[PDB]
Every structure is written in structure tokens, then in C-alpha cells.
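Enquirer: Protein chains in written order, with my numbering: chain A, 78 to 455; chain B, 78 to 455.
Every residue, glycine too, gets a C-beta built ideally from N, C-alpha and C.
Number of protein chains: 2
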Amino acid sequence: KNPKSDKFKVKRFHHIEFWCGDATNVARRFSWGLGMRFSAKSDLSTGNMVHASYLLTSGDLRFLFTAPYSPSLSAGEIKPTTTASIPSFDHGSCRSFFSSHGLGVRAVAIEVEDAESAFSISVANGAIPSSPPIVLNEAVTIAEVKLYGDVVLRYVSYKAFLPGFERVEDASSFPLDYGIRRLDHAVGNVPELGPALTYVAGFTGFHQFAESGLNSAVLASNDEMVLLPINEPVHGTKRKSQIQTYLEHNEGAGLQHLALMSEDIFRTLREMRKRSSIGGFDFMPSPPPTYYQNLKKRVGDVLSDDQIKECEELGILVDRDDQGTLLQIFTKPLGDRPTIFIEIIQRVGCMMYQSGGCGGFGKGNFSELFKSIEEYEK
Amino acid sequence: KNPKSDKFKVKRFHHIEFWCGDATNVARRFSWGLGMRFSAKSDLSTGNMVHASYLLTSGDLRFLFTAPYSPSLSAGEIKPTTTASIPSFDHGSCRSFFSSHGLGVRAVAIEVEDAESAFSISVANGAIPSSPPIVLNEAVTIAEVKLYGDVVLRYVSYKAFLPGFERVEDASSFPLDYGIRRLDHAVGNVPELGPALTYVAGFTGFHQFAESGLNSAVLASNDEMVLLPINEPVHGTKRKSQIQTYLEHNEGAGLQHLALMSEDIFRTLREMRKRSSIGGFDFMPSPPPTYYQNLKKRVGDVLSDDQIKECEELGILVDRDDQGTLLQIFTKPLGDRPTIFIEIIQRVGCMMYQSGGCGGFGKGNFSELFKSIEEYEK
Ligand SMILES: CCC[S@@](=O)c1c(C(F)(F)F)ccc(C(=O)Nc2nnc(C)o2)c1F
Ligand SMILES: CCC[S@@](=O)c1c(C(F)(F)F)ccc(C(=O)Nc2nnc(C)o2)c1F
Ligand SMILES: [Co+2]
Ligand SMILES: [Co+2]
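1) Under DSSP, the alpha helix (DSSP H) around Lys-448(A) begins and ends at which residues?
2) Measure the C-alpha to C-alpha separation of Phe-283(A) and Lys-84(A) and round it to an integer number of angstroms.
3) Is the shortest distance between the beta-carbon of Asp-167(A) and the beta-carbons of chain B less than 8 Å?
4) Is it true that the stretch 94-107 of chain A meets the stretch 127-136 of chain A, where meeting means three or more beta-carbon pairs spaced less than 8 Å apart?
5) Can you tell me the Cβ-Cβ gap for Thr-345(A) and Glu-243(A), rounded? I've got them flagged as a contact below 8 Å.
6) Please report whether the beta-carbon of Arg-172(B) lies at a distance below 8 Å from any beta-carbon of chain A.
7) From the DSSP output, in three-state form, read off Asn-292(A) for me.
8) Using CA coordinates, which residue listed in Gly-256(B), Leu-260(B), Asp-413(B) and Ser-149(B) is at the minimum distance from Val-185(B)?
9) When you measure from the CB of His-91(A) to every non-hydrogen atom of ligand 3, does any distance come out below 7 Å?
10) Check whether the Cβ of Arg-105(B) lies closer than 8 Å to any Cβ atom in chain A.
11) Return yes when the C-beta of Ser-381(A) is under 7 Å from any heavy atom of ligand 1, and no when it is not.
12) Please compile the residues from chain B whose C-beta is within a distance smaller than 7 Å of the C-beta of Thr-101(A).
13) Less than 8 Å separating the beta-carbons of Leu-138(A) and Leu-337(A)?
14) I'd like to know if the stretch 418-425 of chain A and the stretch 270-282 of chain A are in contact, where contact means that at least 3 CB-CB pairs between them fall below 8 Å.
15) Which residues count as close to ligand 4 when the rule is a CB under 5 Å from any of its heavy atoms, in chain order?
16) Can you check which of these residues, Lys-386(A), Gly-434(A) and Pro-364(A), is closest to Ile-406(A) by C-alpha distance?
17) Please state whether DSSP places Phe-140(B) in a helix, a strand or coil.
18) Check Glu-94(B) in the structure and name its three-state DSSP category.
19) For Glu-188(B), list the residues DSSP reports as bridge partners.
20) So, with DSSP's three-state summary, where would you put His-334(B)?
21) By how many angstroms is the C-alpha of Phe-107(A) removed from the C-alpha of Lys-448(A)?
22) Quick one: does the C-beta of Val-264(A) sit closer than 7 Å to a heavy atom of ligand 1?
23) By Cβ distance, which residues of its chain are closer than 7 Å to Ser-249(A), with the 5 residues on each side in sequence left out?
24) Determine, using beta carbons only, whether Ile-355(B) comes closer than 8 Å to chain A.
25) Apart from the five residues on each side of it in sequence, which residues of its chain come closer than 6 Å, Cβ to Cβ, to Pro-164(A)?
26) Would the C-beta of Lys-88(A) count as close to ligand 5, meaning under 7 Å from any of its heavy atoms?
27) Tell me whether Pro-410(A) is buried or exposed, calling it buried when 16 or more other Cβ atoms sit within 10 Å of its Cβ.
28) Against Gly-179(A), what residues of chain B qualify as contacts under a CB-to-CB distance less than 7 Å, listed in chain order?
29) Apart from the five residues just before and just after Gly-441(A), which ones in its own chain have a Cβ nearer than 6 Å to its Cβ?
30) Considering only the alpha carbon of each residue, which of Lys-374(A), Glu-246(A), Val-217(A) and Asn-308(A) lies closest to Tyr-235(A)?
31) Measuring straight from C-alpha to C-alpha, what distance separates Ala-104(A) and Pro-310(A)?
32) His-326(A) versus chain B: which residues are under 8 Å apart at the beta carbon?
33) Put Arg-316(A) into one of helix, strand or coil per three-state DSSP.
34) When the Cα of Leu-213(B) is compared with those of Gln-431(B), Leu-394(B), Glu-387(B) and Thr-160(B), which residue comes out closest?
35) Which residues in chain A have a C-beta closer than 7 Å to the C-beta of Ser-249(B)? List them in chain order.
36) Identify the residues that DSSP records as bridge partners of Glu-309(A): which are they?
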């Protein structure tokens with residue numbers, strides 16, 4: 078059931094912002110590793126004396142990487158005279174975030190009809206304010222509220238990337254593309270799922286979409302294209318909860334993984350794996366061949382034996398709903414700490430356009446992986 | 078003249094350590110961009126709860142990238158019980174360095190005969206101590222003194238990379254190589270050259286090796302293989318001193334550039350330029366064709382017309398001593414700030430092995446570049 082109780086009009090995921098120590102090196106690494114174009118910049122060369130911000134795009138997916146300059150460069154500025162292109166930015170908040178959490182996601186940004194309204198209604202409904210609505214060049218409105226930990230949910234609305242960003246000069250912009258097209262979901266880890274759900278569902282109106290080490294639940298907008306899973310750990314097992322491991326290494330709640338939809342997960346994974354050891358991303362260990370011997374009995378009617386064999390060479394996981402089928406794979410952590418990672422996903426089914434969440438999120442793969450592991454010991 | 082006044086026995090440049098916010102992403106970017114292998118690691122997977130350190134190598138060139146974990150992971154440790162593989166490391170010093178300077182070089186490390194002795198003699202001769210001699214696994218001794226700004230000169234000596242580092246698993250270690258072989262020199266920028274020279278020459282015994290915006294001087298070890306240029310700005314010009322621009326953006330003195338010797342600067346630059354826009358390094362703008370039309374009259378006896386044309390397609394600079402000839406080129410800044418950059422260099426002449434500094438450091442290229450610029454306006 079979908080009660081469609083959004084308290085404001087939400088469109089789609091708009092971008093994800095990483096707070097970095099050096100935005101240049103993270104952005105260049107992510108560009109090569111994921112096949113994302115350099116699309117826009119805001120830095121010293123555009124008059125920004127506050128922060129260096131670089132935007133990567135792939136289809137509708139937008140990754141923003143931001144780091145602070147020396148405060149001395151903008152010491153004479155005040156907020157009314159700021160050269161920062163993102164007015165919520167703050168040297169102290171950014172340095173504190175990164176020193177506390179390491180590299181990771183500061184902002185999950187969704188495009189809304191009216192960011193000022195979305196902010197007001199959110200706050201009137203319990204949201205903790207983080208940065209008030211600010212109108213940029215009479216064209217774009219941006220506002221922020223707290224989501225969990227030091228992660229903010231950012232509202233952006235357009236009358237018509239951001240004012241103050243310049244499009245990147247073609248020579249600097251190499252048209253890489255490995256098939257990734259949009260953000261499918263963004264998953265938070267928190268110490269207690271209950272109050273996190275109540276808080277976020279409280280101020281958005283998002284509805285519940287619906288051995289492990291976790292409990293979770295998914296909040297979703299009216300059309301279920303903005304999907305916001307939240308995990309909590311389950312304590313006292315045999316293998317320690319990776320949710321609890323995250324909270325310890327991350328110094329508290331934060332974003333656990335971004336799942337990126339590919340229009341062709343086989344080409345994406347071929348392209349990403351060729352680059353794993355030459356600056357790109359590493360993938361988690363492949364499941365045993367028992368896992369793939371068991372795929373015929375589960376998805377033999379959705380995927381041919383050749384497509385199943387192709388999942389096997391690439392290390393791809395498969396799970397299935399009552400409504401659809403899902404291909405997924407997981408990278409190793411994106412940075413030094415065992416915290417944030419990326420998932421590549423592709424959904425087959427639920428044609429009407431494709432409805433969101435088609436096939437679920439792979440929860441069946443926990444049981445399926447364990448049961449392939451001990452039966453591969455054989 | 079070379080008075081050979083080293084106060085302790087110095088062998089060679091041993092490594093360069095970058096202090097980072099996230100060591101993983103900087104190291105992976107540098108690996109792809111410069112063609113350096115992943116060679117060794119010390120992090121959580123090796124029992125290091127203090128810092129993440131990754132070593133890249135190319136020939137004798139060793140780049141170390143280090144970032145701090147959350148202090149909470151090692152809160153119960155004391156220095157006698159530390160899991161850090163580099164005992165001089167300190168969370169607070171590292172966070173402070175990076176937040177003040179951004180990405181850059183913390184340590185210029187030279188291999189010496191006896192790091193304890195080198196430390197004692199250095200300190201007895203005016204060096205400001207930074208980290209005392211520490212013996213690692215009865216095998217390697219490491220010690221540090223202040224060089225300029227927050228950069229340390231690090232002494233390492235071996236009885237026989239470091240204890241506690243593990244060699245990197247072959248699958249993770251892709252044998253990239255674009256021809257770079259060793260560190261040729263490491264250049265500091267300071268506000269006042271005089272006291273910096275006197276200080277460093279004071280405690281090492283290093284001798285002076287011998288429009289711009291700078292004044293400089295080069296300190297060198299007995300065999301002139303450790304070359305340590307230092308710049309100061311020249312104030313009140315027309316173009317503002319790039320040395321002064323460095324000090325402002327770097328928040329004070331620091332390392333300006335590392336010059337990396339290539340055994341084949343043409344292949345290196347071909348390989349580096351193919352990767353500039355796909356995660357690698359950008360190069361400064363090429364000199365005008367007038368610069369290359371003037372190369373025949375200057376180096377026509379060292380380089381053929383085809384080799385000169387090859388310098389022209391790649392953007393390579395050429396200068397010449399009385400003793401030798403030098404090919405050089407400069408990258409754009411390595412990170413967000415207009416501070417540290419890299420130089421690729423290759424020397425022809427001075428055969429005895431090649432003597433250090435053969436051909437100089439390209440000081441003639443300042444005059445030659447200006448004079449090609451206005452004559453290219455033509
Ligand atoms: C160690 C890294 C892999 S992991 O822990 C993992 C597995 C498996 F690998 F266990 F199969 C299967 C599915 C997911 C996932 O994306 N869940 C998820 N997303 N959104 C919701 C809601 O729920 C996942 F994170
Ligand atoms: C804007 C970046 C290029 S720059 O300022 C530059 C040029 C030129 F580009 F002006 F020719 C020529 C030579 C050098 C150099 O390496 N000097 C240098 N090394 N060691 C010593 C001593 O002295 C240099 F840094
Ligand atoms: Co997921
Ligand atoms: Co140089």
C-alpha cells in the first residue's frame with residue numbers, strides 16, 4: 078500500500094555531495110573509476126574563494142565533491158558578500174565533518190517543486206533545520222535539514238547545476254560513460270532505527286516501502302522514485318554487525334551506500350573491473366560457484382544460461398521479488414574507512430516507465446549467500 | 078666547488094610522504110596519473126589502528142600517502158603499545174597539517190648511514206627536533222627534524238619499506254610504469270631564503286650547489302644526489318610572485334615541487350598526457366612554437382630535429398648548462414590549491430654514472446619563455 082502522504086511535492090534525486098579534504102583527487106579518482114564526466118566546477122578559477130567544488134555526471138547521476146580552501150582567502154567576506162557558490166557551506170563544519178567521519182556523503186539532495194516551502198513544512202513537522210532557504214541569482218532555491226548524523230537532506234528547486242558553477246571546458250571534459258544513469262537509493266546507518274524512521278517520515282510524509290546483522294525499513298516519496306532505506310544493527314550474533322562496525326569507524330550515523338542504476342550492468346561491471354587496480358574501485362569477493370549453480374532454479378525464466386554465466390564472470394548477485402528481478406553488486410569501501418560503499422544495480426520488470434524498487438533490494442541474497450557458502454564447502 | 082662538508086653520511090632520497098585526508102583516493106589517483114605501482118600497505122588490514130599508509134613505487138621513486146583513522150580506534154593505546162607503523166605519526170599533527178595546508182608533502186626522507194647519529198649531529202648543529210630516533214623491529218631506525226614550515230626532513234637507516242608494512246597482493250598490484258625512476262630534487266618555498274639556507278645548511282653540512290619572481294639556492298649532499306632547492310619571493314613586480322601566491326594559499330612555507338627523473342621523458346609524457354583528463358595530471362600550457370623554433374639554435378647539437386619536434390608535440394622545455402642538457406615539463410597543481418606541483422625531468426651529459434644536477438634546473442627557461450612569448454605575438 079502507498080498512502081501517497083508526501084507533505085510537499087518531491088520530484089527526483091538531484092545530486093549527492095561528498096565532503097572531502099581534497100576535492101580534486103577524489104573527483105578525479107571517482108571519474109575514472111565510475112565513468113563519470115567532469116561537468117561543472119566552482120573554485121578559484123570561477124571566483125569562489127571559499128570552497129572547491131567539482132561536479133561529475135553520468136546520465137542523471139550527479140556526484141558533487143567539495144573541500145574548503147584556507148579560511149584566510151575569504152577572511153574579509155561576510156555571508157552577504159560571500160563568494161561561495163553553495164551558501165550552506167562552512168569551513169568549520171566541513172573540516173569537522175571530514176575529520177570526524179573521513180570521506181563521505183554530506184548531502185542527499187532531492188529536487189522539489191519549492192525548496193522554501195519544502196523547508197518550512199519540514200521544519201513545521203519536526204525537521205531540525207540545517208541551512209535556511211537561500212535564493213541563488215533569482216533562479217534556484219536551496220535549503221537543508223538534518224537527515225541522520227551529520228548528513229543533510231538538501232532541497233533544490235528551479236524556476237526554470239547551480240548559479241556560480243561554470244560548465245567544464247571540453248578538453249578537460251572527457252566523455253567517459255560505463256552505463257550508469259541515476260541514483261536508485263541512498264542508505265543510512267543509524268544506532269536506532271525507530272526514532273530515525275519516525276523523525277524522517279515525520280517531516281517528509283514519506284511512506285514505508287517494504288543472520289543479517291541489521292534491521293531496516295525504506296521510506297519513499299509518492300511515486301516511490303526517492304528511496305531512503307535506513308539500517309540499525311542487531312547486537313549479539315556470531316559475526317559482529319557490519320552496521321555496528323560502520324558506526325564505530327564512521328564515528329556515528331552516516332550514509333552507508335549509494336546504489337547506482339545502470340542501463341547495462343554487464344558493461345558497467347566489465348568497465349569498472351578493468352580499472353579496479355589502475356585507480357578505480359575494487360569489488361567485494363565473488364560468491365561461490367554454488368551461488369551461480371543455484372541461479373538457474375531461481376531466475377532461469379528471467380535470464381538465459383548465457384546471461385547467468387555472464388553474471389558469474391562478473392561477480393553479479395541476483396535476487397527477485399513477486400514483481401521483478403534485480404541484478405546487484407557491491408564495491409569495497411570507497412575510501413580509507415570501512416564505511417561508505419557503492420552498489421551497482423539494474424532492475425527488470427514492473428513496466429507500466431519502470432516503477433521504483435522493482436525487485437526489491439536484494440534481501441534474499443543474505444540467505445542465498447550463506448547457503449551457497451557452506452554448500453560450496455561441500 | 079664542492080667542499081664535501083656533510084656532517085653525516087647521506088646516501089640517497091628514500092621516499093616522499095604526503096599527508097592526506099583520505100590516503101586511498103589520493104594514492105589511487107597518483108598511481109594512475111604517474112604510473113606508479115602499489116607496493117606496500119599499513120592499515121587496518123595489517124593491524125594498524127592509527128593511520129592508513131599506502132606506498133607507490135616507480136623504479137627507486139617511493140611516494141607514501143598517509144591519513145589518520147578515527148582516534149577512537151586507538152584510544153586505549155599508548156606510544157609503548159602503539160599499532161602505528163610510523164611512530165612519528167600523530168592524529169592531531171596530521172589533521173592540523175592538512176587543514177592548514179591542504180594536500181601536500183609532510184616528509185622529505187633521505188636514507189642515511191645511521192639515523193640516530195644523523196639526528197644527534199643535526200640537533201647538536203641547530204636542527205629543531207621533530208621526532209626522536211626510534212628503532213623499528215631491531216631493523217630500521219627513523220628520526221625527524223624540521224626542514225621548513227611543517228615539512229620534516231626524515232632520516233632512515235637500515236641494518237640490512239618499513240617494519241609493519243605488508244607487500245601488496247599481486248592482484249591489487251598492477252605493474253604500471255611510464256618510465257619514472259627516482260626523485261631528482263625537492264624544492265621548498267619559504268618567506269625568507271637567508272635564514273632558511275643558514276638553518277638547513279647549518280645542521281646538515283650540505284653545500285651550495287649553484288622577472289622570475291623568486292630568489293633561490295640549492296643545498297646538496299657530498300655526492301650531490303640529494304638536491305634541496307629553496308625559494309623566496311621577490312616583491313613588487315608586475316606579475317605577482319608565484320612564490321608569494323604559494324605562501325598565501327599554502328598558509329606559509331612548504332614544499333613547492335618534486336622533480337621526478339624519467340629514463341625516457343617522451344614516453345612518460347605521452348603516457349601521462351593520454352591520462353590527463355581521465356583521472357591523471359594536467360600539464361601547464363605549452364610554450365609557443367617560437368620557443369621551439371628557437372631550440373635549434375640552442376640545443377641543435379644535442380637533439381635532432383625529430384627529437385626537437387617530439388619536444389614540441391609533448392610541450393617539453395629544454396635548458397642547458399656548460400656541463401649538460403636538461404629536458405623538463407611541469408604539471409598543474411596536484412590538488413585543490415595552487416601550491417604543490419610535479420616536474421618531469423631527464424638529464425643528458427655529465428657522464429663519469431651521471432653526476433647530479435647535470436644541466437641545472439632550467440633557470441634559463443624563464444628568460445627563454447618570456448622572449449618566445451612576445452616574439453610569438455609577432
Ligand atoms: C558487505 C557489502 C554487501 S551487503 O551487506 C548486501 C547484500 C549481500 F551482499 F549480503 F547479499 C544484499 C543486499 C544489500 C543491499 O543493498 N540492501 C539494501 N539496500 N536497500 C535496502 C532497503 O536494503 C547489501 F548491502
Ligand atoms: C609555473 C610552473 C613552471 S615554473 O615556475 C619553472 C620554469 C619555467 F616554467 F618558468 F620555465 C623553469 C624551471 C623551474 C624549476 O624547476 N626551477 C628549479 N628547480 N630547482 C631549482 C634550483 O630551480 C620552474 F619551477
Ligand atoms: Co542497496
Ligand atoms: Co625544478
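Expert: Here's the rundown:
1) For this step, residue 448(A) is matched to residue 371 along the first sequence. Taken as a continuous stretch (DSSP letters only), the alpha helix (DSSP H) holding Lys-448(A) covers 441-454.
2) One-based indexing of the first sequence puts residue 283(A) at position 206. One-based indexing of the first sequence puts residue 84(A) at position 7. Each residue's alpha carbon lies about 8 Å from the other.
3) Taking the first sequence and counting its residues from 1, the one referred to as residue 167(A) is at position 90. For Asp-167(A), the answer is no, since every Cβ of chain B falls outside 8 Å of its Cβ.
4) Of all C-beta pairs linking the stretch 94-107 of chain A to the stretch 127-136 of chain A, three or more are shorter than 8 Å, placing the two stretches in contact.
5) Against the first sequence, residue 345(A) aligns to sequence position 268. Against the first sequence, residue 243(A) aligns to sequence position 166. That pair is no contact at about 29 Å.
6) Residue mapping note: residue 172(B) aligns to position 95 of the second sequence, counting from 1. Closer than 8 Å: yes.
7) Counting from 1 along the first sequence, the entry for residue 292(A) is found at position 215. Three-state result, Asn-292(A): strand.
8) As a working mapping, residue 185(B) is identified with position 108 in the second sequence. Ranking the options by Cα distance to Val-185(B), first place goes to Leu-260(B).
9) As a working mapping, residue 91(A) is identified with position 14 in the first sequence. Outside the cutoff, so no.
10) The count along the second sequence starts at 1 and reaches residue 105(B) at position 28. Yes, because at least one Cβ of chain A sits closer than 8 Å to the Cβ of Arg-105(B).
11) Here residue 381(A) corresponds to residue number 304 of the first sequence, with the count starting at 1. Placement of the Cβ of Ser-381(A) at a distance of 7 Å or more from every heavy atom of ligand 1 is found.
12) As a working mapping, residue 101(A) is identified with position 24 in the first sequence. Residues of chain B whose Cβ lies closer than 7 Å to the Cβ of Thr-101(A) are, in chain order, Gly-412 and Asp-413.
13) Within the first sequence, the letter at position 61 stands for residue 138(A). Within the first sequence, the letter at position 260 stands for residue 337(A). For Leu-138(A) and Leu-337(A), yes; Cβs fall inside 8 Å.
14) Using a C-beta cut-off of 8 Å, the stretch 418-425 of chain A makes no contact with the stretch 270-282 of chain A, since fewer than three inter-stretch Cβ pairs fall below that distance.
15) For ligand 4, the residues with a Cβ under 5 Å from any of its heavy atoms are, in chain order, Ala-336(B), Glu-420(B) and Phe-438(B).
16) Numbered from 1 along the first sequence, position 329 holds the residue referred to as residue 406(A). Ranking the options by Cα distance to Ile-406(A), first place goes to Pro-364(A).
17) For the purposes of this step, residue 140(B) is identified with residue 63 of the second sequence, where counting begins at 1. DSSP places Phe-140(B) in strand when its eight states are reduced to three.
18) Locating residue 94(B) in the second sequence gives position 17, counting from the first residue. Looking at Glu-94(B) - three-state DSSP - the assignment turns out to be strand.
19) In the second sequence, the residue the question calls residue 188(B) occupies position 111. In the DSSP output, where bridge partners are listed per residue, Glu-188(B) has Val-233(B).
20) As a first step, residue 334(B) is located in the second sequence; it is residue number 257 there, counting from the start. Correct three-state label for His-334(B): strand.
21) Counting from one through the first sequence, the residue named residue 448(A) turns up at place 371. Counting from one through the first sequence, the residue named residue 107(A) turns up at place 30. Each residue's Cα considered, the two are about 34 Å apart.
22) Along the first sequence, one-based indexing puts residue 264(A) at 187. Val-264(A): yes, Cβ under 7 Å from ligand 1.
23) Numbered from 1 along the first sequence, position 172 holds the residue referred to as residue 249(A). Closer than 7 Å at Cβ, skipping near neighbours: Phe-115.
24) Within the second sequence, the letter at position 278 stands for residue 355(B). Closer than 8 Å: yes.
25) Locating residue 164(A) in the first sequence gives position 87, counting from the first residue. For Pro-164(A), where only same-chain residues beyond five positions count, the Cβ hits under 6 Å are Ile-211.
26) Summarising the ligand content, the structure contains ligand 1, ligand 2, ligand 3 and ligand 4 and does not contain ligand 5.
27) For the purposes of this step, residue 410(A) is taken as residue 333 along the first sequence, with counting starting at 1. The residue in question, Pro-410(A), is buried, as its Cβ has 16 or more Cβ neighbours within 10 Å.
28) As a first step, residue 179(A) is located in the first sequence; it is residue number 102 there, counting from the start. By Cβ distance, chain B contributes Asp-99.
29) Locating residue 441(A) in the first sequence gives position 364, where the first residue counts as 1. Excluding sequence neighbours, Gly-441(A) sits near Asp-396.
30) Sequence index remark: in the first sequence, residue 235(A) carries index 158 (1-based). Nearest C-alpha to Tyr-235(A): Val-217(A).
31) Counting from 1 along the first sequence, the entry for residue 104(A) is found at position 27. Counting from 1 along the first sequence, the entry for residue 310(A) is found at position 233. About 31 Å.
32) By 1-based counting over the first sequence, the position of residue 326(A) is 249. The answer, in chain order, is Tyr-146, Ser-147 and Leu-150.
33) Walking along the first sequence from the start, residue 316(A) turns up at place 239. Three-state result, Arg-316(A): coil.
34) Numbered from its first residue, the second sequence carries residue 213(B) at position 136. Considering only alpha carbons, the answer is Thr-160(B).
35) Position 172 of the second sequence, counted from the start, is the residue given in the question as residue 249(B). Within chain A, the residues near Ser-249(B) are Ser-354.
36) Along the first sequence, one-based indexing puts residue 309(A) at 232. Paired residue(s): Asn-292(A).
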